[PDB]
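Report on one structure; see the data block that follows.
First listed ligand is number 1; within each ligand, the first listed atom is number 1. When reading the values below, keep in mind they use all heavy atoms of this one structure, side chains included, and skip hydrogens, waters and symmetry mates. Letters A, B, ... are given to chains in the order of the sequence lines, protein chains preceding strands, and every chain is numbered from 1.
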Amino acid sequence: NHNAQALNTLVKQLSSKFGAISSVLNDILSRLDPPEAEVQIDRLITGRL
Amino acid sequence: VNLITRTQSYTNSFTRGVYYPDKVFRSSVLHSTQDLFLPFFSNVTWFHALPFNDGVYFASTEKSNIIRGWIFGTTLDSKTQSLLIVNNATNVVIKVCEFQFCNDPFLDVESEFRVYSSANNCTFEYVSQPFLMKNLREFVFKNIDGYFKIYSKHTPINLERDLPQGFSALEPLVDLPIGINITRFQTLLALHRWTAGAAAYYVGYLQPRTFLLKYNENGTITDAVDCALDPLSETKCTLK
Amino acid sequence: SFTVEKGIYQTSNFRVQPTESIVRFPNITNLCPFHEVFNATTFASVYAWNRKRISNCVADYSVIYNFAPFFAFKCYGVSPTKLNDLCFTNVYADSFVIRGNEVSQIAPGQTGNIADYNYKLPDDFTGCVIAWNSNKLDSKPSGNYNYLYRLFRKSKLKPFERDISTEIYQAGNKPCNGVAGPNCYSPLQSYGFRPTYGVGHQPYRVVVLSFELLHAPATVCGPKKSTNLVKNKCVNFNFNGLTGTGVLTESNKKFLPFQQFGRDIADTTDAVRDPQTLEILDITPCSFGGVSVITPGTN
Amino acid sequence: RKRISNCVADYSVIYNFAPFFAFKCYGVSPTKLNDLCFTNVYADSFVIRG
Ligand SMILES: *[C@@H]1O[C@H](CO)[C@@H](O)[C@H](O)[C@H]1NC(C)=O
Ligand SMILES: *[C@@H]1O[C@H](CO)[C@@H](O)[C@H](O)[C@H]1NC(C)=O
Ligand SMILES: *[C@@H]1O[C@H](CO)[C@@H](O)[C@H](O)[C@H]1NC(C)=O
Ligand SMILES: *[C@@H]1O[C@H](CO)[C@@H](O)[C@H](O)[C@H]1NC(C)=O
Ligand SMILES: *[C@@H]1O[C@H](CO)[C@@H](O)[C@H](O)[C@H]1NC(C)=O
Ligand SMILES: *[C@@H]1O[C@H](CO)[C@@H](O)[C@H](O)[C@H]1NC(C)=O
């Protein structure tokens, strides 16, 4: 039970926004431009860390 | 032209008024949704210029086809736009025109002069196959961020006086980008022409609540839990 | 290290690359009425700003580039370069005429008389603003007073709010009762445009495009033609703006006639509906894993 | 430079004085000013090019 619960929580955490425009990297890579996407990508990287 | 008699009563909603929140398929899962719903075991009005508030649950059980059409507006005058829905034996027509409505609008049967004086300036018009097809018909109307949403369901019922006990999910029917305010609404009847008649229907109101929905293996909702009815429901929602 | 002991070591990972790309789109053919909203020879005032809704058409931006060498072109939600491939549900178009010096006043988080009394944008705005000079169309030699601007309002306006009230603003409790003068002034002033006027005062046609994301299945996009369909192969797919990669197989799921997507316990996409031909397809991720190296000692 | 203190601070005169061309508040928003409390206020006045 504990192993399954921990894995489920870890995989569920991937859908959070952490104060970004979107929780999908492809959406940001298809909508925005290189020199501005970093501000959004940093929050996702941190939260997943 | 006034031929309407309305008597009010009150009854229990039980567990009616559950609809699919969105168009995403799910199966064999339990989901949690925060949206406008009709609370379980509610005080619903029975009727033999009602406010709109924040959504309306409407129910009827008459097979006479005496019920047809609806009017939605803010001031119910020709100075402001008003949704008008008409259903007849062939099609359904939706208009957003600023009609000069009357005190008791109803179908003459089929002149609409008693309904309104004349049509006026307007842009949106919709024509589709009719909504209407021992039986119970349930509808849910809401209006959020410029979109008017309608859900409907038709079920076969046995001989009963009040609403039956059970679950029947309501499926989306249409969605219109109107973007106007609605504060009051009215119901249209079709009396032959001037024989007096009577009709009954149930009305309830929606509130923002959190629900727990259960999907079966084929993707249909078969059970729901209101997360604020009583402590046992709170425990169920916490434990998922 | 230059020496390795006996054992098994975990080095790097491996995965399988997609073979090709798959693009799908509906069979619509009607072109969007972007031409009509422009070059109409008639533009509304700033306080009474026109609103139009565009949907259910093929959105092509070539007319935007060939229409005029725009003086101002600022996109906020997305970059202007990647606009010919995105998909949207509804588009909102606003057009009006403003003074050349007020163009920068129209942006989210900005002030100005247009901003607070005429028209303001939400902080989370997602769209573009286009402005081109119109000195040779709406600048009479004697002057044109058709366009007016508000100057006084009790408070700040709201995002996406249109004001059409025409009342004499009262600067206090001094009664005026419809007259103009003491503590009672008309807040609307007419533009003055002449060809002799230089840059900074000549009229400018301004059009604001506003998009909305993730509200319904996409309806306005598709300038790129669709391709064929393949199965049982690692491939990229783009279903009406939904982009992904993996393997597509036949599905036995019983989709309801109004839902299109599919999800699982972990909230991931595991099914899709082909737009052109109504069919259900299961999506599975392509193979990936770790690579281990088994070695005896280098000695 | 002037110092204002020990008085009832009413901002009605601010609104009725003139339709100000520029009104920019940084530390706090201009809307919530009739309820705050302060120790001393410093007022500076001058004339500048537009
Ligand atoms: C429902 O409303 C009526 C009148 O509004 C009230 O008398 C009654 O107590 C309420 N509750 C029930 C359970 O009927
Ligand atoms: C129902 O209303 C539509 C819309 O006016 C009309 O075209 C149609 O003929 C009507 N049906 C009948 C049976 O009159
Ligand atoms: C309808 O609205 C338009 C647009 O403002 C207006 O010109 C017209 O006078 C209104 N009334 C009618 C009957 O068209
Ligand atoms: C709609 O009508 C109501 C009631 O008259 C009013 O309060 C509101 O400002 C109007 N407009 C909108 C957008 O709700
Ligand atoms: C689901 O569908 C299958 C076949 O489509 C059927 O055998 C089964 O009874 C259904 N389950 C329900 C309706 O709960
Ligand atoms: C737009 O209209 C003007 C005159 O109304 C015309 O000269 C022009 O060719 C039209 N098309 C474009 C793309 O400007």
Looking only at side chains, do B:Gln34 and B:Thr210 share a donor and an acceptor under 3.5 Å apart?
-> no
Part of C:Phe38 within contact of ligand 6 (heavy atoms, under 4.0 Å) | neither
Decide whether an N or O pair under 3.5 Å exists between C:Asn66 and ligand 6.
-> no
Any atoms of ligand 4 less than 4.0 Å from a non-hydrogen atom of B:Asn181? List them with their elements.
-> 1 (C), 2 (O), 3 (C), 8 (C), 10 (C), 11 (N), 12 (C), 14 (O)
Option with minimal heavy-atom separation from atom 1 (C) of ligand 1, where the choices are B:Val44, B:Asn43, B:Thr45 = B:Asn43
Are C:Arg153 and C:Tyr169 in a cation-pi setup, meaning NZ or CZ lies under 6.0 angstrom from the ring centre and within 45 degrees of the ring axis?
-> no
Judged by modelled atom types alone, do B:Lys142 and B:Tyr19 share a side-chain donor-acceptor pair under 3.5 Å?
-> yes
For atom 7 (O) of ligand 6, state whether the nearest protein heavy atom is under 4.0 Å away.
-> no
Could you list the atoms of ligand 6 found under 4.0 angstrom from a heavy atom of C:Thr41?
-> 5 (O)
Among side-chain atoms of B:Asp77 and B:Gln100, is any donor-acceptor pair under 3.5 angstrom?
-> yes
Protein contact to atom 5 (O) of ligand 4 [nearest heavy atom, distance to 0.1 Å] | B:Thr74 CG2, 3.3 Å
Side chains of C:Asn135 and C:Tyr197, donor plus acceptor under 3.5 Å | no
According to the interplanar angle, ranging from 0 to 90°, do the rings of C:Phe67 and C:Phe38 count as parallel (below 30°), tilted (30 to 60°) or perpendicular (above 60°)?
-> tilted
Using distance alone, determine whether C:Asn39 and ligand 6 share an N or O pair under 3.5 Å.
-> yes
Please indicate, with yes or no, if any protein heavy atom is found under 4.0 Å from atom 14 (O) of ligand 1?
-> yes
Could you tell me how the ring of B:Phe40 sits relative to the ring of B:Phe167: parallel (under 30°), tilted (30 to 60°) or perpendicular (over 60°)?
-> tilted
